[PDB]
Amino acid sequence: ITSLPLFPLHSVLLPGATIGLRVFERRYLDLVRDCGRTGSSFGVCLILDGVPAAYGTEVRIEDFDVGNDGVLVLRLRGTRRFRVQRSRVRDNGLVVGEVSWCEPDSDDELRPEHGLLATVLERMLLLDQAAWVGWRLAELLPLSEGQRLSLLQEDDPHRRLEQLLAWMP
């Protein structure tokens, strides 16, 4: 198990997907500078405070950028998924969690019942990987944050596509 700093977002970060995070608070800025020095990463968890969710996504910091307004914008991309075994909160507000990593996304070719699920993805604007088409349709399709959290919790690419098929409009 690994202790990983958790960043609270009102939306889950799917693996491979990208988000831009404006970091300007004194606690979040000092953590990124420390993580940028140590090399250790952090994770993004969907919150429910009105405590993170049980599953989160490790980020890779793709691009730094200090805007003309002085605010630092982070280009984050989802890498590995983790489970929050337990979490604590420091006095400043930053939340650290003891996490266990998930098995990486397999390259298993999609099953015959999911081949059409790849054709509907290609229309929207290599691909025969079930975990890849699963993470991509979940991002493009207008799913609720709860539905995207349930996909994150599911650790099997094919069962992910089976319930992603139910939530399809």
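The first residue of the sequence shown is number 1, and the count goes up from there.
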Can you say how many deposited residues have no coordinates in the span between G50 and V51, choosing none, 1 to 3, 4 to 9, or 10 or more? 4 to 9
Looking at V66 and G67, the deposited sequence has unmodelled residues in between totalling none
Got a sec? Mean C-alpha B-factor, which is higher, 51-59 or 29-37? 29-37
Going by the average Cα B-factor in the PDB entry, point out whether 111-119 or 133-141 comes out higher. 111-119
Going by the recorded CA B-factors, say which third of the chain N92 sits in, lowest, middle or highest. highest
Looking at the C-alpha B-factor of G43, is it in the lowest, middle or highest third of its chain? lowest
Consider only the C-alpha atoms of the modelled residues in this chain, order them by B-factor as the entry records it, and name the third containing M168: lowest, middle or highest. highest
